[PDB]
Every structure is written in C-alpha cells, then in structure tokens.
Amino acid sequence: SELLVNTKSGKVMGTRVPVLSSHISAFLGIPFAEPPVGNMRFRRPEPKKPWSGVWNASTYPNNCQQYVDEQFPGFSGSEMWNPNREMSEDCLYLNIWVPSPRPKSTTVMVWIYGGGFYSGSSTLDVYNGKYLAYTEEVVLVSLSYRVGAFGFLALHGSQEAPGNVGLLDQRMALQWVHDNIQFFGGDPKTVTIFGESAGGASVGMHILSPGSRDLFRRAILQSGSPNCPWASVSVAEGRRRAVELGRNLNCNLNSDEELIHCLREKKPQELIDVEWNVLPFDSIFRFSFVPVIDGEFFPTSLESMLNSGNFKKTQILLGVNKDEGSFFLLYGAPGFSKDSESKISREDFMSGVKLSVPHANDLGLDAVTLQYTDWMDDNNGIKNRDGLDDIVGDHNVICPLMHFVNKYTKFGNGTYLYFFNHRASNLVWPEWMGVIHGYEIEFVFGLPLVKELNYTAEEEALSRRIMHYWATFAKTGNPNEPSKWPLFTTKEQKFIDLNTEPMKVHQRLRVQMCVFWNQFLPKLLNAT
C-alpha cells in the first residue's frame, strides 16, 4: 500500500488527503523522540523507543504547551496562530506530505515554525504542506519542538536543564528525517531546512552548530537570523531568568537541583502563567526563554563564529517583509491599536523607542531618535508611527539579517536575497500595519491557490512564483529555472522584491539604517 511505510522505528500508516481537486498522502503525528514528561522536563530529548504494530499517522499530533494569545478573542488574524489542538508536554511529533504516486528520490523540505521560541505549532492552517508538496512535487516535513521554559530554561552546568533542548528537539527530528525519509520517497541528501522568525533563527543556528551541520543540505531563512538580538542570551542571563522563574513560584532556590525539582512538580500552566515576569527590561520583541550561548551547541560567540567562517558552507536563500515591526508595537507600545490609524504623539514615540531598544542608555535613545525623526515635520503622527515601525523591524529583523548575510557570503557557496512587500488583499489586520511579520508564509505555503480563501488571481500567481523559487532552490541550490533572481555577492549586494508588480532587482538593502544598527550604535554603547 501507498499509505503503509516501513521505517527504522517501525511501520507507519497514513491517510489520503484531497488537494486542489487531486489527492496525496499524509503521515501525521509520527513520534521522533520519547515524550519529554515527568522527570524528563527540561531534559535533552531521547530517541523514541521503536514500537511494533502499525503507527496510526492519520491525524495531527498535540501542540507543545505554550502561552496562548488572547489579545483579540474571536479575531482570526491572531487566533489562527494559536494552538488548534490539545496542548501537552507529549508533543515531539513530525508530519510528512508525500506526492502520489510515491516518489523514489525527490527533494525534501523540512519546515521549522517560528513564534519567538515561546510559541508555535506544526499543525496550523497556514503550515499545511499539501499545497507545496503537490504543486512542486517535494516531500514536505514539518517538525515540532518544545517552546517557552519547557524548551529553553537554562541552568548552565546542570545536566538536568542545560538549555537549548528545544534546539535539540529540532535536531532529532532532523536525525530522523536523515535516517528514514528515504522510505517515503524523499532523498536524504537533498534536505532543505526552512523557517520563519524563530524558525528562521533556528535554521541559522543549525548552520552554525557543529552537531547539526551534517544533517541537511541547504537552508532558507524567512524574517529571522541566528544573531537576532531576541534570539539568544548569555548563560548568566539564562541562569538569572531561570532563578527568577523559580522565585515567581515560591521555589526553594538554594541549589540548581532544588530549583529544577520545584519546576518539575508544577503544572504546565503554572510556568506559563508567570513566564513573562522574568524579562529584565520593559521591552517589545523580547522573549523569556530562548537559546543560550553555552559553549556546546554554540562553541563560541555567534559573532566570532561568523567572522572566522566557523559554519556550514552551502547555499542559502533568505529575506524579510517590508514592515516587520508593526505586530510588536500593536501588542505593546502605547498609542497603537488594532482599530485606529494609530497616529503617534511625540511623547508616545519617545516611549516606543525606549521600549524597542531596551538595553540603550539615554545617549543611545537620542541617537536612535535622531536617526528616525524627520526634524522638518516632527509632529506628523503617520511619520512617528511609521518611523517607530521601521525602528522595530530594522533593529530586530532586517539589520541583523543583513549582518548575517554579509558575513555568510564571505565564505558560503551562494546567497539569494528577497524583500517581500505585497500586502494581501484579504488581510484582516489594519492598513497601518503594512506588509506584516508572518504574512509571507501563506504565499510560501500556497494558500492563495484555494479559491474559497479569496485571493486575487495576481496573488495566486505570486504564490506560484514563490513556491517554485523555494522548491527549485531546494532541489538545486539556485531558485532560477535554466527573468533572473541574481546571486547576492559581497561586491554588488543585489536582491529582488516579491510582489504582484513585475519583479525588479535592487541593491544594498537598507544600508543607511543597518550601518547605524550594526556598526555605529554598538560602538556608541561600548564606549558610554
């Protein structure tokens, strides 16, 4: 049977699913680790003990325990990101979509979801692999991995909660693909990993970690990079936040062992109810438990790894959206709201900046402000709102990604860079938010080919160029079929737009602002 597949861990059974008036196979909720429950919480994951009999991979798995967005109850723009399945600590599962009939040795793509490391699911409507699998004829995997404190609580020195274990979940799912994807028609020596926001950062991190490098061929990074200022923390800061976590639950804090024990007796939702209380600053685009620079997963600092070429040398394709910052301002900066044009007063601007660059002294805040203010029009609310938007997106997503790409290109084997800027015609979020964090995903996953969803036809077309670029790049290391997407080179710095208008090629993507965030501001804060 096409739906029966024998693997190194045991036999697995899927289900046919319809797709654009056809069918393909899906193997959903296949385990790739032991359940990290009980005395195993905060622990490195363990390989799943094989089973006999036939694994029922006919329905989606649980989602990992996570914080749930309730800012806009009943609003689909936010609610479609929340878990749509029971949450549980038993969540290390992966999902495969296989073309029909079964390929013999086709290109494999493994999706890693984002969510600032505090949230995410493999099972969401926008991550449905059937459209991609079917249209581009690739085997589509999506893995899953522990988030929040379950995935990233870090007491360096302990072996009970070493940190990074979420990153280790990902690696195991990738071990399992390397090992078993052949039986599903996938080619394990042509796996592309790809992800968005924390998933984009994750991909960069697997490119840097020596223990992950041999497990995939190429990489795609959407709106996220390993060196993002929100994507990792030192062992001191992780230790400090773990303890503070404990302090919020009245734990015995006299030893690592005492503390971990107390955290392990707590119901999942107790950890989640206080997770946000440990940020050391009042801040937007910052998350409590994220990877740590431990000297193990990351052997030294990301920056020295990047300067010295200590990382997997291969092809990568990556990019950003035009308005990355607006979500975070909506959720936290005063002046902003879902149902108003959100025009921002000088006073609210000043506090936006302080929230966006939480680690800056007054002199740094002055410099961000000078840099983003039209002084011949300082009382324009649209200008204040948009400048704040650019500050969040430049500092947190674009300038870090440009730094990474600039360093990667000096040693890598080919880079392709995009700037995604089409606002969907069916978008339910307000006009002022722009081309928003997270909204290229539905193009990359091909949702605009389902008519019930209400995209224009030029949107269906764009979605098809994107999938074919992503897939062709995954299959060959070049998104071009033999009008060009040129290579990004350190000399010329070219990239493309991605939108309904015919494509153009540009250069030096936000250099002016990124020289400020990557060279000047860091220097200024080192000195003062």
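Rigid core: the largest C-alpha set superposing within 1.5 Å between the two forms. Throughout, we count residues from 1 along the sequence that is shown.
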item	value
RMS CA shift, core-fitted in 9 other deposited structures of this protein, bigger for 418-426 or for 280-288	280-288
Deposited-sequence gap flanked by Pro502 and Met503	none
Stretch exceeding the other in mean C-alpha B-factor - 483-491, 63-71	483-491
Mean C-alpha B-factor comparison - 453-461 and 272-280, higher one	453-461
Residue selected from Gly381, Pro229, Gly438, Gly387 by maximal Cα B factor	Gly381
Candidate set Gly157, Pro430, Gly211, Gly115 [ranked by C-alpha B-factor, highest]	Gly157
Chain-relative CA temperature factor third for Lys322	lowest
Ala471 CA temperature factor, ranked by third within the chain	lowest
Chain-relative CA temperature factor third for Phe443	lowest
Lowest, middle or highest third - CA B-factor, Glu89	middle
Third of chain Cα B-factors occupied by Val292	lowest
